[PDB]
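Asks: What follows is the file my_file_4.tsv, containing TSV, N, CA and C atoms:
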```tsv
chain	number	residue	atom	x	y	z
H	16	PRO	N	-28.87	-64.05	-33.78
H	16	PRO	CA	-28.50	-62.68	-34.14
H	16	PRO	C	-27.87	-61.90	-32.98
H	17	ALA	N	-27.97	-60.57	-33.02
H	17	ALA	CA	-27.28	-59.65	-32.12
H	17	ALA	C	-27.29	-60.12	-30.66
H	18	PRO	N	-26.12	-60.31	-30.03
H	18	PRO	CA	-26.11	-60.69	-28.61
H	18	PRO	C	-26.29	-59.51	-27.67
H	19	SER	N	-26.08	-58.28	-28.14
H	19	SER	CA	-26.27	-57.06	-27.36
H	19	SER	C	-25.33	-56.98	-26.17
H	20	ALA	N	-24.42	-57.94	-26.03
H	20	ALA	CA	-23.48	-57.98	-24.90
H	20	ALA	C	-22.05	-58.04	-25.45
H	21	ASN	N	-21.46	-56.88	-25.68
H	21	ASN	CA	-20.08	-56.78	-26.12
H	21	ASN	C	-19.14	-56.62	-24.93
H	22	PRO	N	-17.85	-56.93	-25.10
H	22	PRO	CA	-16.92	-56.77	-23.98
H	22	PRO	C	-16.44	-55.33	-23.80
H	23	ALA	N	-17.13	-54.39	-24.45
H	23	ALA	CA	-16.79	-52.98	-24.36
H	23	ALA	C	-17.45	-52.29	-23.17
H	24	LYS	N	-17.95	-53.05	-22.20
H	24	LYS	CA	-18.52	-52.48	-20.99
H	24	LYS	C	-17.47	-52.14	-19.93
H	25	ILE	N	-16.20	-52.44	-20.20
H	25	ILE	CA	-15.12	-52.08	-19.28
H	25	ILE	C	-15.09	-50.59	-19.01
H	26	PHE	N	-15.52	-49.78	-19.98
H	26	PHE	CA	-15.27	-48.35	-19.93
H	26	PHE	C	-16.41	-47.55	-19.34
H	27	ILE	N	-17.63	-48.08	-19.39
H	27	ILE	CA	-18.76	-47.38	-18.79
H	27	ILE	C	-18.79	-47.50	-17.27
H	28	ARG	N	-18.18	-48.55	-16.71
H	28	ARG	CA	-18.27	-48.72	-15.26
H	28	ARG	C	-17.62	-47.55	-14.55
H	29	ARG	N	-16.31	-47.33	-14.73
H	29	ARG	CA	-15.57	-46.17	-14.22
H	29	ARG	C	-15.11	-45.26	-15.35
H	30	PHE	N	-14.28	-45.77	-16.26
H	30	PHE	CA	-13.62	-44.95	-17.28
H	30	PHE	C	-14.55	-43.93	-17.92
H	31	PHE	N	-15.85	-44.23	-18.00
H	31	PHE	CA	-16.82	-43.29	-18.55
H	31	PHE	C	-18.02	-43.23	-17.61
H	32	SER	N	-18.92	-42.29	-17.88
H	32	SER	CA	-20.14	-42.11	-17.11
H	32	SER	C	-21.29	-41.94	-18.09
H	33	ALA	N	-22.41	-42.62	-17.83
H	33	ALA	CA	-23.49	-42.66	-18.80
H	33	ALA	C	-24.21	-41.32	-18.89
H	34	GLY	N	-24.82	-41.08	-20.05
H	34	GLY	CA	-25.60	-39.89	-20.31
H	34	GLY	C	-24.92	-38.58	-19.98
H	35	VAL	N	-23.84	-38.26	-20.70
H	35	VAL	CA	-23.13	-37.01	-20.47
H	35	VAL	C	-22.87	-36.22	-21.74
H	36	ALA	N	-22.96	-36.82	-22.93
H	36	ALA	CA	-22.73	-36.15	-24.21
H	36	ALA	C	-21.31	-35.58	-24.28
H	37	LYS	N	-20.33	-36.48	-24.15
H	37	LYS	CA	-18.94	-36.10	-24.29
H	37	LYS	C	-18.61	-35.73	-25.73
H	38	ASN	N	-17.66	-34.81	-25.89
H	38	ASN	CA	-17.18	-34.46	-27.21
H	38	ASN	C	-16.31	-35.58	-27.78
H	39	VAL	N	-16.19	-35.61	-29.11
H	39	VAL	CA	-15.47	-36.69	-29.77
H	39	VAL	C	-14.00	-36.37	-29.99
H	40	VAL	N	-13.61	-35.10	-29.95
H	40	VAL	CA	-12.22	-34.70	-30.17
H	40	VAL	C	-11.85	-33.63	-29.16
H	41	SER	N	-10.63	-33.71	-28.64
H	41	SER	CA	-10.14	-32.71	-27.69
H	41	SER	C	-9.95	-31.37	-28.39
H	42	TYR	N	-10.20	-30.29	-27.65
H	42	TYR	CA	-10.09	-28.95	-28.23
H	42	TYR	C	-8.68	-28.69	-28.77
H	43	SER	N	-7.66	-29.18	-28.06
H	43	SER	CA	-6.29	-29.02	-28.53
H	43	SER	C	-6.14	-29.57	-29.94
H	44	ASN	N	-6.80	-30.70	-30.23
H	44	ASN	CA	-6.77	-31.26	-31.57
H	44	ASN	C	-7.50	-30.36	-32.56
H	45	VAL	N	-8.60	-29.74	-32.12
H	45	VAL	CA	-9.37	-28.87	-33.00
H	45	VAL	C	-8.54	-27.66	-33.42
H	46	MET	N	-7.91	-26.99	-32.45
H	46	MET	CA	-7.06	-25.85	-32.78
H	46	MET	C	-5.83	-26.29	-33.56
H	47	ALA	N	-5.28	-27.46	-33.25
H	47	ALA	CA	-4.17	-27.99	-34.03
H	47	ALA	C	-4.60	-28.23	-35.47
H	48	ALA	N	-5.81	-28.76	-35.66
H	48	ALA	CA	-6.33	-28.94	-37.01
H	48	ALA	C	-6.60	-27.60	-37.70
H	49	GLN	N	-6.94	-26.57	-36.92
H	49	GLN	CA	-7.25	-25.27	-37.51
H	49	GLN	C	-6.01	-24.63	-38.12
H	50	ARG	N	-4.96	-24.45	-37.32
H	50	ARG	CA	-3.75	-23.82	-37.84
H	50	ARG	C	-3.03	-24.71	-38.85
H	51	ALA	N	-3.32	-26.01	-38.87
H	51	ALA	CA	-2.73	-26.89	-39.87
H	51	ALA	C	-3.28	-26.61	-41.27
H	52	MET	N	-4.45	-25.98	-41.37
H	52	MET	CA	-4.96	-25.53	-42.66
H	52	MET	C	-4.31	-24.23	-43.12
H	53	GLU	N	-3.57	-23.56	-42.23
H	53	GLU	CA	-2.88	-22.33	-42.58
H	53	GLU	C	-1.39	-22.53	-42.82
O	174	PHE	N	-6.03	-96.66	15.75
O	174	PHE	CA	-6.73	-97.76	15.11
O	174	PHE	C	-8.11	-97.37	14.60
O	175	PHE	N	-8.62	-96.21	15.00
O	175	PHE	CA	-9.96	-95.77	14.63
O	175	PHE	C	-9.84	-94.47	13.85
O	176	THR	N	-10.14	-94.53	12.55
O	176	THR	CA	-10.01	-93.37	11.68
O	176	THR	C	-11.35	-92.66	11.59
O	177	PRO	N	-11.45	-91.41	12.03
O	177	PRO	CA	-12.74	-90.71	11.99
O	177	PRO	C	-13.19	-90.43	10.56
O	178	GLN	N	-14.50	-90.33	10.40
O	178	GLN	CA	-15.11	-90.02	9.11
O	178	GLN	C	-14.99	-88.52	8.88
O	179	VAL	N	-14.06	-88.12	8.02
O	179	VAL	CA	-13.80	-86.70	7.77
O	179	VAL	C	-14.92	-86.17	6.88
O	180	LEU	N	-15.88	-85.48	7.49
O	180	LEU	CA	-16.96	-84.87	6.74
O	180	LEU	C	-16.46	-83.61	6.02
O	181	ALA	N	-17.29	-83.09	5.13
O	181	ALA	CA	-16.88	-82.07	4.17
O	181	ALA	C	-17.58	-80.73	4.41
O	182	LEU	N	-17.65	-80.30	5.66
O	182	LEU	CA	-18.24	-79.02	5.99
O	182	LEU	C	-17.16	-78.07	6.52
O	183	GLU	N	-17.41	-76.77	6.35
O	183	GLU	CA	-16.47	-75.74	6.79
O	183	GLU	C	-17.30	-74.53	7.23
O	184	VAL	N	-17.56	-74.44	8.54
O	184	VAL	CA	-18.31	-73.31	9.07
O	184	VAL	C	-17.45	-72.06	9.00
O	185	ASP	N	-18.07	-70.94	8.60
O	185	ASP	CA	-17.32	-69.72	8.31
O	185	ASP	C	-17.59	-68.63	9.35
O	186	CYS	N	-18.86	-68.28	9.57
O	186	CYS	CA	-19.30	-67.37	10.63
O	186	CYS	C	-18.46	-66.08	10.65
O	187	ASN	N	-18.52	-65.36	9.53
O	187	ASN	CA	-17.77	-64.11	9.38
O	187	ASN	C	-18.54	-63.19	8.45
O	188	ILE	N	-19.13	-62.13	9.02
O	188	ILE	CA	-19.84	-61.13	8.23
O	188	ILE	C	-18.82	-60.19	7.58
O	189	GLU	N	-19.08	-59.84	6.33
O	189	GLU	CA	-18.16	-59.01	5.55
O	189	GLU	C	-18.54	-57.53	5.58
O	190	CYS	N	-19.62	-57.16	6.26
O	190	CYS	CA	-20.03	-55.75	6.33
O	190	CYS	C	-20.33	-55.21	4.94
O	191	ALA	N	-21.50	-55.58	4.40
O	191	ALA	CA	-21.87	-55.43	2.99
O	191	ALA	C	-21.51	-54.08	2.38
O	192	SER	N	-21.33	-54.08	1.06
O	192	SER	CA	-20.52	-53.10	0.35
O	192	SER	C	-21.28	-51.81	0.08
O	193	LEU	N	-20.50	-50.75	-0.16
O	193	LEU	CA	-21.00	-49.43	-0.54
O	193	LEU	C	-20.14	-48.81	-1.63
O	194	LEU	N	-19.63	-49.62	-2.55
O	194	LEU	CA	-18.66	-49.15	-3.54
O	194	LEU	C	-19.25	-48.95	-4.93
O	195	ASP	N	-20.54	-49.20	-5.13
O	195	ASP	CA	-21.16	-49.06	-6.44
O	195	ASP	C	-21.98	-47.78	-6.58
O	196	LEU	N	-22.28	-47.11	-5.47
O	196	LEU	CA	-23.01	-45.85	-5.53
O	196	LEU	C	-22.15	-44.73	-6.09
O	197	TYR	N	-20.88	-44.68	-5.69
O	197	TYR	CA	-20.05	-43.49	-5.95
O	197	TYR	C	-19.90	-43.20	-7.45
O	198	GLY	N	-19.46	-41.98	-7.75
O	198	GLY	CA	-19.25	-41.59	-9.14
O	198	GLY	C	-17.98	-42.22	-9.66
O	199	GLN	N	-18.03	-42.71	-10.90
O	199	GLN	CA	-17.03	-43.64	-11.41
O	199	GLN	C	-16.22	-43.11	-12.62
O	200	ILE	N	-14.88	-43.14	-12.49
O	200	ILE	CA	-13.89	-42.60	-13.43
O	200	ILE	C	-12.57	-43.39	-13.27
O	201	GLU	N	-12.18	-44.21	-14.27
O	201	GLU	CA	-10.84	-44.81	-14.26
O	201	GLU	C	-9.77	-43.74	-14.53
O	202	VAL	N	-8.55	-43.97	-14.03
O	202	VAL	CA	-7.48	-42.97	-14.05
O	202	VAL	C	-6.25	-43.60	-14.69
O	203	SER	N	-5.15	-42.86	-14.74
O	203	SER	CA	-3.88	-43.33	-15.26
O	203	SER	C	-2.84	-42.93	-14.22
O	204	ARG	N	-1.57	-42.87	-14.64
O	204	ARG	CA	-0.46	-42.49	-13.76
O	204	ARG	C	-0.86	-41.35	-12.83
O	205	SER	N	-0.38	-41.43	-11.58
O	205	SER	CA	-0.92	-40.68	-10.45
O	205	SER	C	-0.80	-39.16	-10.61
O	206	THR	N	-1.35	-38.43	-9.63
O	206	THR	CA	-1.40	-36.96	-9.63
O	206	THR	C	-2.13	-36.44	-10.88
O	207	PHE	N	-3.40	-36.82	-10.97
O	207	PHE	CA	-4.27	-36.38	-12.05
O	207	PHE	C	-4.80	-34.98	-11.73
```
Step by step, read the file and then write its structure as structure tokens.
Replies:
Amino acid sequence: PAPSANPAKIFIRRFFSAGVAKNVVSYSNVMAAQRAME
Amino acid sequence: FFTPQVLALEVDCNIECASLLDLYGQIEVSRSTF
């Protein structure tokens, strides 16, 4: 079953930092999505 | 006329001054001037 070892660890070493609670979408996208409803 | 027995050792004797590159805060980047 589950190997628990995926090759997606490339990004936690530098590209990301553990335990930070990053947002999932950039604010520019949020405001772009907002006025797109208008 | 006498061929020496070429043994398979290679003495190195070179300290690398062990690393300090894993403590720092880590962030991959892209094209320069971030």
Asks: Taking only N, CA and C atoms into account, what are the residues of chain H at most 8 Å from chain O, put as a list in words?
Replies: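 Every residue of chain H that passes the 8 Å test is in residues 26, 27, 28, 29, 30, 31 and 32 of chain H.
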Asks: Which distance in Å separates atom CA of residue O:203 and atom N of residue H:22, to one decimal?
Replies: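 If I compute the distance from atom CA of residue O:203 to atom N of residue H:22, I get 21.8 Å.
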Asks: Report the distance between atom CA of residue H:25 and atom C of residue O:191 in Å, rounded to one decimal place.
Replies: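 Taking atom CA of residue H:25 and atom C of residue O:191, their separation equals 22.7 Å.
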Asks: Calculate how many Å separate atom C of residue H:36 from atom N of residue H:21, rounding to one decimal.
Replies: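 One can read the atom C of residue H:36 to atom N of residue H:21 distance as 21.3 Å.
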